[PDB]
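Labels for the chains are A, B, C, D, E, F, G and H, by order of writing; each one numbers its residues from 1.
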Amino acid sequence: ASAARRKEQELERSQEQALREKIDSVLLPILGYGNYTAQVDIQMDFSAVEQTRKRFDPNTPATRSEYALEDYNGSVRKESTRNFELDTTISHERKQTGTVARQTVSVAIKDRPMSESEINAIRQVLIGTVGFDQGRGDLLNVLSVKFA
Amino acid sequence: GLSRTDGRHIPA
Amino acid sequence: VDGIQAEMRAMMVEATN
Amino acid sequence: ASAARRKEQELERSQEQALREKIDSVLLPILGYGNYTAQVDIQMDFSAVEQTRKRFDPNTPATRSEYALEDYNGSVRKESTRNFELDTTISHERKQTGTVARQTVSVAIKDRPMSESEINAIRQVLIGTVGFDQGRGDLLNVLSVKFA
Amino acid sequence: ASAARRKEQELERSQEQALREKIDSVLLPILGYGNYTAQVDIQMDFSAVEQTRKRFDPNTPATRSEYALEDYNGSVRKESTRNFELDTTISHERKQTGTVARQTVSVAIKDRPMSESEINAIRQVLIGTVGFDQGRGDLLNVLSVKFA
Amino acid sequence: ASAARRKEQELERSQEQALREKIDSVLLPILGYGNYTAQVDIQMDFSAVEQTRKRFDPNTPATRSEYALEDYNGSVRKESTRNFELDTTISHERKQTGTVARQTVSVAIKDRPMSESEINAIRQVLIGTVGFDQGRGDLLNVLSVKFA
Amino acid sequence: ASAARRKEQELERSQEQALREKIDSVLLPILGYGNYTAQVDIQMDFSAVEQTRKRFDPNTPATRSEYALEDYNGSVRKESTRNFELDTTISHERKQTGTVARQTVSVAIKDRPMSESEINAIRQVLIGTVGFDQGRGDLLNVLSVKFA
Amino acid sequence: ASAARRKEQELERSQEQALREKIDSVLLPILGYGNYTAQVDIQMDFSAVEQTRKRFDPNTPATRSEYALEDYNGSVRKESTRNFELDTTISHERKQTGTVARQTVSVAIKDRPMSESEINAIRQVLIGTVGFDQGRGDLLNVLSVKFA
């Protein structure tokens, strides 16, 4: 199984490399060659979830058989027996093993600095270039630093 | 009565 | 499933009649 | 199964490449060569959902057999027994494995900037060029940036 | 099964290509060569729905056997037993796997702009050229843009 | 089964081609060569419906056996038992797989425009040339546009 | 089965061709060569209906056995038991698969226009030339148009 | 079975051809060569009806055994039991498959017009030449038109 773990590491590294390639394909025309640096971290879960759900519909029952005895005298006896049929959904789901659980991307732009408007524009391009998903916990940093 | 119900108990 | 099989049996009854 | 995961990555990359090709086929005449850059992120779910639904119709029962005893004297006894037949739908669905769960497209247009009207027109063309589906969570960014 | 998914992608791309061919066959005479650009997105569902419906007719029962006891004295006893026969429809449906769930078409017309009347006329021709179905969620954009 | 889906696409395209051929055979004499353009969209359902109906006739029962006890004293007891025979129809239907569910035809006529009377006459010829069926949801557009 | 669907399309096209041949055989002497154009649409159902009907005759029963007890005292008891024999028809029908469900014919006559009387006379000839059946939903259009 | 449907079409066409031959054999001497045109439409049902009828005679029963107790005292008790024998006809019919369900004939006579008396005489000859059966729904049109 350790060979499987090794190949999982290979998958994660391949994903990171592909994302880096896309980042380059976007930023190389916009910024130029050597005016930026970017690295990508991709964390992938490899669990084996397998779920079975059996759901009913309480608010729409359908009476199948029914008995109702109601006699008076004073005495009032109200017996009743009822059998129901209910909407039944049975869903069996099997999640894919390797899923990107969190994605971190950081891009540093060489100074000569960059204005806030262009930094936010680059961030907007990257959002969509990488597939930024904040609800997944992903993080995207864009900074303007001084290259040596 | 119809014990048709997979959980029929009323029976009678 | 069972209902479809019942339908097929009803069609067979039709053919026999 | 890790080979299957590798081929799933290949499928996702192929989808992204096809969408990029369509984007180019639309924007190359309109904008020109080298006046734009665009990248596409496609996230695909590969679950194995398999659902079985059994639904009834509570509001239209059909009486099959019926017993009703109603004697008087004062004493009033009202016994009743009833059997019903109901509309029964049984649907077994099996979803396709790989489905595009979210799609992100970002396009950056070289300045010399672009007016808001033409930016929105390009966005309208892309909506339909790519098959934008906001209800799916898809995202489409169109920006006017300064190429270096 | 991933080969099946690949061939599903091929089917979708083939459908898009055919629709593009029809769009060209309509617009090339009307507009000319190079005066327009159009792209088509086709999303196809590949579920495996299989439904069985058993429907009755509550409002037209036919009495098969009947018992009715009605004695008086005062005391009034009204016993009754009744058996019914009902109209029974049993339909087993099996949907086709790959069905176009949503269709998106966008057409951009080169300026020198186009009047609203001719834009709507082109839209009317496309509706029928492509088989526009709004109830399915399809979308058709026709814009007049400035080609570079 | 994907090969079956491919051949279904082929069937749809063949139907569209045949309808286009008929449209040409009608309009080429009337309008001329190159004075019109027309495209046809045909959507075909490929479900596998298979229905079984068991219908009765409530209003014409035939008594098979009958018991009737009616004694007096005052006391009046009216017992009764009755067995019936009913008209029984059992129909098993199996629909053809591929059926044209919706048909869209659009025809554009080159200007030099066309009067409303002749447009409606051409529409009347097409209705019958194509087999227009509004109740099926079919759509037929005839427009007079300016060819370039 | 798709080969069967293909041959069904072939059958429909053959029927249309035969009807067109008959239309020509009637109109070529009457109108001349090239003075008319006509196209025929034939829609054919290919269901597999198979019906079984069991019908009785409620109003002419024949008593097979009979018991009748009628004692008096005052007390009046009238017991009765009766068995019947009824006319029973059992018909098993199996419809032919391919049946013309709707037929559409349109004929356009070259102007130099045609008077209403002769248009109606041509319509009367066609009714019988084609086997017009309005109750089936068939449609027959005869117009006088200007050939180019 | 589609080959069977093809041969059914062949049968219908053969019937139409035979009727046309008879029409010619009657009208060629009377009217001449080229002074008339006639076409015949024959619709043939190919169902597989198979009926079984069991009929009785309620009004002529024959008593087989009989018991009759009639005692007096006042008290009057009239018991009776009776068994009957009835006329029983059991007929099993099997209809021929292909039967002409409707027949349409139209004849057009070249002008130089024809008087009403001779038109009705020709109609009378055709009635009997073709076997006109109005109760079957058949239709026979005879018109006087202007040949070109």
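Structural remarks
To be clear about the criterion, a residue touches a chain if its C-beta (ideal position, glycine included) is under 8 Å from a C-beta of that chain, and two chains touch if they have at least 3 such contacts.
The remaining chains, with chain D left out and nothing else moved, group by touch as A, B | C, E, F, G, H. If you compare C-D with A-B, the chain pair joined by more contacting C-beta pairs is A-B.
Chain centres here are Cα averages; for chain C and chain G they lie 28 Å apart. Rounded to whole angstrom, the centroid-to-centroid distance between chain D and chain E, based on C-alpha atoms, equals 15 Å.
Counting only residues that touch two or more partner chains, chain A has 64-65, 67, 85. In chain B, 1-2 are the positions where the chain touches two or more neighbouring chains simultaneously.
In chain C, the residues that touch at least two other chains are 1, 3, 7, 10-11, 13-15, 17. The chain pairs satisfying the stated touch condition come to A-B, A-D, B-D, C-D, C-E, C-F, C-G, D-E, E-F, F-G, G-H.
Across the complex, chain A is touched by residues 1-2, 5-6, 8-9, 13, 34, 37, 39-43, 45-58, 61, 74-84, 86, 102, 104-106, 108, 139-141, 143, 145-148 of chain D.
In the complex of the two chains, the chain D residues touching chain C come out as 88, 90. Those residues of chain C lying in contact with chain D across their complex are 1, 3.
Looking at the complex, you find that chain G touches chain H at residues 4, 7-8, 11, 14-15, 18, 22, 25-26, 29-32, 35, 60-73, 85-98, 118, 121-122, 124-133. The residues of chain C lying in touch with chain F in their complex are 7, 10-11, 13-15, 17.
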